[PDB]
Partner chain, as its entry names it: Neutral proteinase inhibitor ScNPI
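Okay, so here's just one chain, in structure tokens, the form deposited without the partner chain.
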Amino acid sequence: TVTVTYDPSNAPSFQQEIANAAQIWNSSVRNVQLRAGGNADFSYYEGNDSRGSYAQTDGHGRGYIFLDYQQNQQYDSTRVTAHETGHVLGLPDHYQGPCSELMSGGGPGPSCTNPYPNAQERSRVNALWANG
């Protein structure tokens, strides 16, 4: 198991939802775990961007996530935050997917509140982190 360290301190409005998203990923996958702490690999920020939330990441643990205020009010914020964290873990956008896919993001609309990755998404993250 590898540990990826995140810094939540620059997204003060989202502390509970970041904790929730980290606990959802930690409860779902075996080969990587997320922990808050110093000398972090990736960081969370907040603000306004009409495009919504986004991730600037290499897809293997590094970079940052921007959490947009409007998207996190109109959609379930746990799903949004867990979704963007999925990009840092290596998973791509799949907007045409159903609500049971976390990586379909906002595609299924604001009635979809599911923040958990499905079995295939879990398997893919485990394989991407199998060798660190």
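Positions refer to the first chain, counted from 1.
In what follows, reference is made to the form solved in complex with the partner chain, a form of this protein that is not presented.
- Query: Looking in the bound PDB entry, any heavy atom of residue 54 within 4.5 Å of the partner chain?
  - Reply: So residue 54 counts as contacting the partner chain.
- Is residue 80 close enough to touch the partner chain in the bound PDB entry, meaning at least one heavy atom pair within 4.5 Å? Contact check for residue 80: yes, within 4.5 Å of the partner chain in the bound PDB entry.
- Query: Counting only non-hydrogen atoms and a 4.5 angstroms cut-off, does residue 107 reach the partner chain in the bound PDB entry?
  - Reply: Output for residue 107 is yes: heavy atoms within 4.5 Å of the partner chain.
- Could you tell me if residue 64 has a non-hydrogen atom within 4.5 Å of the partner chain in the bound PDB entry? Yes.
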